[PDB]
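Read through the structure below, which is laid out as structure tokens, and then see the notes.
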There are 2 protein chains.
Amino acid sequence: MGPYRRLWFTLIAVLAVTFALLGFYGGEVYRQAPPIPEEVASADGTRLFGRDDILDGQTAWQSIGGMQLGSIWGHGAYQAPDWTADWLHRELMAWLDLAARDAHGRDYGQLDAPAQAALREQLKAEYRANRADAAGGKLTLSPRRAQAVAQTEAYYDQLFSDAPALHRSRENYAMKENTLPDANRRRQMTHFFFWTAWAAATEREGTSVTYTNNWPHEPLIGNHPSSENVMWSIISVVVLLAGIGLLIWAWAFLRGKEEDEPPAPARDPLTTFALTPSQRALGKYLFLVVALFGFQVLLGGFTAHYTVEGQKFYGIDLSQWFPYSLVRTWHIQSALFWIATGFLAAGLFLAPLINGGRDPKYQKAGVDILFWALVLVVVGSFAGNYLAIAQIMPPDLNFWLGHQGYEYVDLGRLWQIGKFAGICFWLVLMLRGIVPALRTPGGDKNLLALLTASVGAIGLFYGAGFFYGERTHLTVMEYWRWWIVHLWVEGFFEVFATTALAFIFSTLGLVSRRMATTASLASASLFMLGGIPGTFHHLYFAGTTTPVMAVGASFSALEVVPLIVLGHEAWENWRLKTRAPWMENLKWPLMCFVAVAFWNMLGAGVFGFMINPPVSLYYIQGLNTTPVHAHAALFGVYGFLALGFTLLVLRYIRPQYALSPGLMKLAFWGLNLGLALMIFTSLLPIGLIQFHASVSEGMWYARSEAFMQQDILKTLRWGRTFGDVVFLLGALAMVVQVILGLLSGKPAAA
Amino acid sequence: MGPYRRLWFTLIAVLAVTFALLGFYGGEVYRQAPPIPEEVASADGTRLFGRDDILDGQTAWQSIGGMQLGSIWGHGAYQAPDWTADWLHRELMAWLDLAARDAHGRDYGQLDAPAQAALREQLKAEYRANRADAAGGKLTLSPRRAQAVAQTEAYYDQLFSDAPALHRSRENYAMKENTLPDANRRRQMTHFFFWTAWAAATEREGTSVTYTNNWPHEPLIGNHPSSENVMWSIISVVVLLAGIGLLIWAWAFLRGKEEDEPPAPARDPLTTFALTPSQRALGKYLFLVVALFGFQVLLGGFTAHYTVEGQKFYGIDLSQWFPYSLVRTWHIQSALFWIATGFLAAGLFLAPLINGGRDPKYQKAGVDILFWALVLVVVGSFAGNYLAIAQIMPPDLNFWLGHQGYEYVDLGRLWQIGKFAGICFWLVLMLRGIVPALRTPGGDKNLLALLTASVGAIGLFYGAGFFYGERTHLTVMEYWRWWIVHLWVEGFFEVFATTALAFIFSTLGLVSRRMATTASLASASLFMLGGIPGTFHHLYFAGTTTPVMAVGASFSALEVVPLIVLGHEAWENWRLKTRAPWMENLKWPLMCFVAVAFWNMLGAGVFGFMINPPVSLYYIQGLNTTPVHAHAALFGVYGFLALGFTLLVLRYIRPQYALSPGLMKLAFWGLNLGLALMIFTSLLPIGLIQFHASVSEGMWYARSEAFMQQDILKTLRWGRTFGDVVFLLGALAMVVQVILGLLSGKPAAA
Ligand code: HEM
Ligand code: HEM
Ligand code: HEM
Ligand code: HEM
Ligand SMILES: CCCCCCCCCCS[C@@H]1O[C@H](CO)[C@@H](O[C@H]2O[C@H](CO)[C@@H](O)[C@H](O)[C@H]2O)[C@H](O)[C@H]1O
Ligand SMILES: CCCCCCCCCCS[C@@H]1O[C@H](CO)[C@@H](O[C@H]2O[C@H](CO)[C@@H](O)[C@H](O)[C@H]2O)[C@H](O)[C@H]1O
Ligand SMILES: COC1=C(OC)C(=O)C(CC=C(C)C)=C(C)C1=O
Ligand SMILES: COC1=C(OC)C(=O)C(CC=C(C)C)=C(C)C1=O
Ligand SMILES: [Ca+2]
Ligand SMILES: [Ca+2]
Ligand SMILES: [Fe+3]
Ligand SMILES: [Fe+3]
């Protein structure tokens, strides 16, 4: 250790305290998870279904793409409805039509507002009070509810079949015809849908708050944000602004003038080390990064196609094979794979450069095995998803081989274990290069310690996804899944990137190593403080209680703090272009890392915070504001990191290859301005129109085909094409650029 | 001009565009102001009251302290209810009791939720649809409403009298017994109360939105934030975070390295110029600053006393003479006077130092006349308010001599003209010192131009308060009043301060003058951009339409941007302590200006933004979050500025007088930590408990005696005493310190 004990003990302290909050409120997530009533029975006494049928329905839902086909509890895809909200609304409306007929022999819609208000009050009384027995033993539905449920089951049985009545709906929902062709599976699935709506609509014992924290916004049962949601929402903003103001104050006042900026080396240091065999073995990883990235981008276009034409594509019904659910899955899964691969490549490039520019024994071996391991996992998983969504996949294999139905962990459990083994194997290849450099009785090993930590965090924190299986409770799946998607990606990828950059720039002699170790420990602490408990900003409405929402709100506020100030970091890293004339070769990677800062600030920070205070998210969860954020944050940050890192590794593994300034201006500006156009001209306007709808009418309405198929939204969804094309141009330029680079040095190992 | 053309044209552009938005949406504020129906009649045809009675009631309300005694449309004092919300709730509940009796011969409270829901639906139908005729000609009340109104009039007739039934309420409301002793005036006043509740509860023609933008939160008539409110609220946060992120990005990338830091002079430059006669004439202004400040602080304690014991003070009923309404008025009015005087003194100290350390002819004259002019205005206004609140003041003199009843412009119109004439006269004394320095055919006159602009902005933008008279529509009063309180204080005082500091530090040779002119033009643009349209964040619910709320929300978001980054500015100004050994003499003033930055960030920025997005404010307007902000922002920023400036002028006009490091550590830390304790241990917890109540039940409930008199709130109101005392200690230390200073070397503290 040495001059960074404080920054270390602060990181450890942040980790300790944060994983306390995450792990403790993890016990409260498990405990307060909406019961799955062993038995759902009508009051008349007839057994409707039970746990096993709700869970069987979870698996059927999984098998069809789960969260890749609309949403549950506001998690998943956005073209189909939130099934919970849609179900809730359809069941409550069915109930109200039965209520209204019983009491007035007119339908609810036919009644005067006062009759309607009284019905709504009886609906609310019934639905909100409809807890299962103690031990979540038996849920009795009133016969009206049992009936509402029966006729809501009927509706979804038709929607998820080939039933021509609901063809327009499937088109509008980018559902393939016969999404879920087994009638039993569809029935079971409706049980699952029921259960989520039920949870959504049932107050927790001795609360005014549903198991989903009154999610979704369903005025009919007085699902409105809790007052606590509203509390923590205001607190989050204060936490955020306090946090920024104090961070800037701390930084302004606790820098200490800063010193030690030696002249940059004469020669790029990283060009002094000869490419190890395992470093030249990364061309194919760079290929895979751009291949998957280009694939991914096309899959977004394919996905985006279905949001404007749910089924045909020049009159061939592509949805039979490549439905929205599949291409959305692939779109997301491919994003992860190519981003991960960028990072994995970045790391593997560094590993042998960390043990003094020499390969650990069998590092080229491992770098080639790891590569095919990843391609296997990608092809297998993708095939698995195809087969899951095609409904070829035996239901009882679906979760292993098919589609977990959980967004970002969609790949079958087998492939997920493959991916984990891959990433663990990469942990070994990294540590093969980093352990010697740690065990060498030498100088400042603190950046490298932070890196090996980062590397082990990547290495192992993807195994958080094995704490849920197929029939695990959504709330528990949700808990663990957001370890992966939020903690492992948005946290441990960040720190590994930031640490690997700090390490590269320090190694390049652009930054002292003190300045790097210090910068990257302080960053670690900054990101992890908000990051780690910020996992909960995904679990507000996932069957979780208000504490989870408090932690999530407040700590997600803290997570924005370091993002919003990234203007300064960005400039610090961009400054490095001028430190040495050879930094012109790292121009583009450096432009990426500035785009990372930019999008971290805007995408992750601004658009993450837009949707983060429970009260905002309460309404906008599962609206187009998420994909705004998701695009801006995942691509803008980790995509540009991965590409930046791609271009960096390319700079070194094709050291004579000069990037085309034109191609890279197109690649870089196409991506940046494509991404801004997608967000600002399509996704964000839509998310806001939907936010309006969600707030005005309810979540069901914001997600509803009638609403989603209105002309403004059709035009805004069509207008996405501009940004999508500007972006595909950029992505194409980037893909070509890297391909040309790779083809400029042995075209037959890529 | 010269190297600052861009920064100038940007300031002019910001001013142009901003005063466009303010002046344009000012036409929309006038046009969309809730009608005052010429006639209010029962449907049965009986004339209840009219315009003249509502306006007469406005004057009666004014006469009793207006906004210094609870709130109208969430503007005013917080110990009494919001009368609009309280009235609305009492009338709607009365209506519901009449409804419930008509239909069920039980009271609303006695009915089942469904009956209650149906009644609420009929209430909502009636109240929301209850527009006046076209031309705001006649408002017909349903006889039930006419009755609800009659029995709500009765309640307030009793509350505002000596009626022993409502004694506990008056105590809880810090209302004096016989607050409004004329029965007619009270009746008229209830008409006014009615009208505000009516506006609050009536949808605008062809909207779902009341004249007050559904304010207050009154679930009974589906007064909930508009979807637009909710829209602009999310946009504001995005505008804010985008704004910070981009500002930091712009700053990070568009600084240009920065150069020209000459060695600080050897001798304090300002000690080289001999004190002009008009500068020594400022001791008494410094006295008045601390006298009013100490008075003000005691008045806060007196005010705070009434929030825990509405009437007695060791068993003598002080409320007969010095009721909460009076001492709150004085508390606020004194704040303005001593803060203004700080600035006016600061300016007058600079005036002769700007025309080369020599007094314009008759500057000592003017500085003495201006002083007694201010003391006259302070004593007269204060006497006026006493007499208004005592109800001695003839009602028809009340608005001229008494109490305008509008917060921060409470002083009678005469005194307000006095204050304006004073500030205009100060404009002349400033320009007496600044015009020569501008007309001298010389070098860089751009800071001094920005200063003379700032000075003219102070000089004239207080005359915005003469665009409303006594019987002016609240919405129009509100429009103009917030020019004064928000624009003139929170905008033109800021820029004058910042410019006068830039000017002082530049004159001291601590900053280039380029760096000053540049810093202070960029600041001007930054503050004015958000500041000026941010006036509207006061008018969201004041009878204004959604555009006003959009502008207000978005531009108030922009106004936070420069505040949150002030950590950096603060450090830049604090840096100056080290530039010259003689800056030890300006240590404390510099500590003030850092406290200004701190509180600008936290008080104005964090706590201003806490309460700023229409959706937050919708619920928290008139809750203890405002006084948190108001204390932290007005004292923390302008109070410390004024005191900073006080200590600075003291440093020079008592140039041999050394400040007591102990006294000033107590003064400074007592104020800072007193202010933090007041906010964090009392006001903020309360505001949040009330926010909870406001969101859960409605504004009426959050402001209601039952709620406000709960034990937690009693304890939190009592616990204020800690911070109040720590603060009074600080203030006392500061007052003594300045007194001792003034009493040193020829004692001149008039
Ligand atoms: C032309 C480029 C792109 C297009 C047209 C596109 C389109 C889409 C579409 C249509 C969706 C689904 C919205 C829905 O659920 O109905 C989506 C989701 C997503 N896209 Fe993209 N995409 C593009 C690029 C990218 C890139 C480059 C990344 C990351 C590398 C990415 C990551 C994602 C993610 C993570 C989701 C899931 C978002 C969420 O659930 O909020 N996309 N995209
Ligand atoms: C680079 C950093 C980040 C990345 C890569 C990232 C990525 C994502 C992605 C892909 C999603 C969509 C997840 C889903 O479909 O269910 C998401 C959702 C979300 N993110 Fe981020 N994020 C980042 C930072 C942040 C920050 C800083 C915040 C808030 C402070 C935040 C808050 C959220 C919230 C609240 C959601 C949920 C939206 C919803 O449930 O519909 N994220 N994030
Ligand atoms: C010991 C010090 C202080 C105490 C105990 C105190 C107390 C109070 C109280 C009790 C209120 C009225 C809350 C209500 O409406 O019921 C109030 C309002 C106010 N105080 Fe103070 N005060 C203090 C210091 C100051 C100082 C130093 C300033 C400015 C120089 C100031 C400015 C104000 C303002 C502007 C209001 C009106 C606030 C609003 O309506 O939101 N106070 N104060
Ligand atoms: C130093 C700068 C500022 C000062 C001196 C200041 C002062 C005040 C004062 C004294 C109040 C209470 C007014 C009243 O009683 O009706 C107030 C209210 C308010 N301020 Fe500020 N303020 C400042 C900056 C800001 C900022 C930066 C924001 C938001 C971006 C803001 C937003 C508000 C809002 C929304 C209210 C209304 C609260 C309510 O109506 O109950 N202010 N300000
Ligand atoms: C500052 C951060 C900004 C983001 C966080 C703000 C989140 C917004 C809070 C939403 S309040 C929401 O508004 C709703 C309507 O606008 C209101 O709900 C009601 O209103 C309907 C009128 O259309 C009414 O018919 C329904 O009974 C009901 O849905 C209510 O304000 C709440 O749901
Ligand atoms: C960033 C800061 C955000 C500030 C804006 C705050 C957001 C306001 C949205 C709250 S919606 C509002 O909440 C109220 C309760 O919290 C709701 O109350 C209602 O339903 C509740 C039972 O479900 C209960 O309180 C009452 O029975 C009933 O009046 C209210 O209708 C709802 O719109
Ligand atoms: C409007 O929906 C869309 C398509 O189908 C109609 C596309 O094919 C395309 C074409 C471009 C790509 C990225 C495949 C885009 C952009 C798209 O979003
Ligand atoms: C001592 O008791 C109290 C008062 O009178 C009842 C106050 O004046 C005040 C104000 C504080 C001072 C300086 C006594 C508060 C808050 C209080 O609790
Ligand atoms: Ca999703
Ligand atoms: Ca007030
Ligand atoms: Fe997240
Ligand atoms: Fe304001």
Side-chain angles (χ1 to χ4, degrees), chain A residues 241 294 297-309 312-314 318 674 678 682 714 717-729 731-732, chain B residues 67-68 70-78 82 215 236 239-240 328 332 335-336 339 406-408 478 481-482 485-486 489-491 493-494 497 527 530-531 534-542 552-553 555-564 566 596 599-601 603-614 616-618 620-641 687:
Chain A
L241 291 183
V297 167
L298 291 185
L299 290 172
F302 200 165
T303 309
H305 170 73
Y306 282 132
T307 69
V308 307
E309 181 167 45
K312 308 275 189 189
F313 183 99
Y314 294 86
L318 262 304
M678 281 169 22
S682 180
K714 281 161 72 205
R717 272 202 296 285
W718 154 79
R720 206 210 169 114
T721 192
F722 176 39
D724 299 344
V725 164
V726 165
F727 191 89
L728 180 274
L729 257 280
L732 178 52
Chain B
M67 304 195 166
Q68 300 289 354
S71 24
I72 295 298
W73 294 339
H75 284 345
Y78 310 122
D82 190 88
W215 193 87
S236 68
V239 167
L240 176 43
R328 196 194 188 269
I332 288 32
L336 295 189
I339 287 171
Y406 305 129
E407 221 182 0
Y408 309 104
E478 284 283 11
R481 174 168 80 96
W482 289 113
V485 186
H486 160 110
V489 178
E490 141 186 356
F493 275 35
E494 203 292 336
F527 296 122
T535 309
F536 286 139
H537 66 202
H538 296 288
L539 298 200
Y540 290 168
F541 307 123
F555 285 93
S556 51
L558 287 178
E559 108 204 320
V560 172
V561 168
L563 295 186
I564 291 294
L566 276 178
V596 178
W599 285 114
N600 230 346
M601 173 261 303
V606 180
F607 288 130
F609 194 77
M610 190 174 63
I611 75 189
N612 174 233
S616 190
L617 189 50
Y618 177 87
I620 64 189
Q621 184 157 302
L623 302 192
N624 273 247
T625 50
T626 289
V628 158
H629 166 59
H631 278 85
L634 188 59
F635 180 64
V637 174
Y638 295 99
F640 277 127
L641 276 168

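Letters go in sequence order (proteins before strands), and every chain restarts at 1. Computed over heavy atoms, backbone and side chain alike; hydrogens, waters and symmetry mates excluded. For ligands, and for the atoms within them, numbers begin at 1 and follow the listed sequence.
Using 4.0 Å as the threshold, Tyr408(B) has a heavy atom nearer than that to some atom of ligand 4. Ligand 4 lies out of reach of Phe607(B), whose nearest heavy atom is not under 4.0 Å from it. Within the 4.0 Å heavy-atom shell around ligand 4 one finds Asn600(B). The shortest heavy-atom distance from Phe536(B) to ligand 4 is not under 4.0 Å.
Nearby protein atoms of type N, O or S around atom 21 (Fe) of ligand 4 amount to 1 (distance under 2.8 Å).
No side-chain heavy atom of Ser682(A) sits under 4.5 Å from any side-chain heavy atom of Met678(A). Within the 4.5 Å cutoff, the side chain of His486(B) has heavy atoms near those of the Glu559(B) side chain.
With a 4.0 Å cut-off on non-hydrogen atoms, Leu617(B) touches ligand 4 through its side chain and not its backbone. Residue contacts with ligand 4, taken as heavy atom pairs separated by less than 4.0 Å, do not involve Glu494(B) at all. At a heavy-atom cutoff of 4.0 Å, ligand 4 is contacted by the side chain of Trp482(B) but not by its backbone. When heavy-atom distances to ligand 4 are checked against a 4.0 Å cut-off, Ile620(B) has no atom that comes that close, whether in backbone or side chain.
Residues of the protein with a heavy atom under 4.0 Å from ligand 7 are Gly301(A), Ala304(A), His305(A), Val308(A), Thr721(A), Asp724(A), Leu728(A), listed by chain and number.
Atom numbering of ligand 4 starts at 1 in the shown order; those under 4.0 Å from a heavy atom of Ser556(B) are 30 (C). Near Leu634(B), the atoms of ligand 4 lying under 4.0 angstrom from a non-hydrogen atom of the residue are 5 (C). Residue-ligand proximity, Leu563(B) to ligand 4, at heavy-atom distances under 4.0 Å covers atoms 27 (C). Remark: ligand 4 atoms within the under-4.0 Å shell around heavy atoms of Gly622(B) are 41 (O). Listed by atom number, the atoms of ligand 4 under 4.0 Å from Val637(B) heavy atoms are 1 (C). Near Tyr78(B), the atoms of ligand 4 lying under 4.0 angstrom from a non-hydrogen atom of the residue are 15 (O). Proximity to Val560(B) (heavy-atom distance under 4.0 Å) selects the following atoms of ligand 4: 30 (C).
With hydrogens and angles disregarded, a donor-acceptor distance shorter than 3.5 Å links the side chain of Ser616(B) to the backbone of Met610(B). Formation of a donor-acceptor pair under 3.5 Å by the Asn600(B) side chain with backbone atoms of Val637(B) is not found in this model. Looking only at distances, a side-chain donor or acceptor of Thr303(A) sits under 3.5 Å from a matching main-chain atom of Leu299(A). Remark: side-chain polar atoms of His629(B) are paired, donor with acceptor, to backbone N or O of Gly608(B) under 3.5 angstrom. A donor-acceptor pair under 3.5 Å is absent between the side-chain atoms of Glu490(B) and the main chain of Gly531(B), judged by distance alone.
Note that CZ of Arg717(A) and OG1 of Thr307(A) are 6.0 Å apart. Values are rounded to the nearest 0.5 Å.
By the criterion of a separation under 3.0 Å, the protein N/O/S atoms near the Ca ion (ligand 10) amount to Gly76(B) O, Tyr78(B) OH, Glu407(B) OE1, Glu407(B) OE2.
Of all non-hydrogen atoms in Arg720(A) and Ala304(A), the two that sit nearest each other are CD-CB, 4.3 Å.
Only one option out of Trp599(B), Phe607(B), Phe640(B) pairs with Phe635(B) in a ring pair (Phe, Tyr, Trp, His ring centres under 6.0 Å); it is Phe640(B).
Legend: residues meeting side chain to side chain contact (heavy atoms under 4.5 Å, CB included) with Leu634(B), ordered by chain and number and at least two apart, are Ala335(B), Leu336(B), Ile339(B), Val489(B), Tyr638(B).
Between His538(B) and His75(B), the angle of the ring planes lies from 30° to 60°, which puts this pair in the tilted group.
Counting only heavy atoms of the protein, atom 1 (C) of ligand 4 lies nearest to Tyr638(B) CE1, 3.0 Å. Considering only non-hydrogen protein atoms, atom 28 (C) of ligand 4 sits nearest to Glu559(B) OE2, 3.0 Å. For atom 41 (O) of ligand 4, the nearest protein heavy atom (residue, atom name, distance) is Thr626(B) OG1, 2.3 Å.
Both the sub-6.0 Å distance and the 45° axial angle are satisfied by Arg328(B) relative to the ring of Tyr78(B).
Outside the 6.0 Å centre-distance limit, the rings of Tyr540(B) and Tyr618(B) are not counted as a close aromatic pair.
At under 3.5 Å, a nitrogen or oxygen of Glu407(B), whether backbone or side chain, sits near a nitrogen or oxygen of ligand 4.
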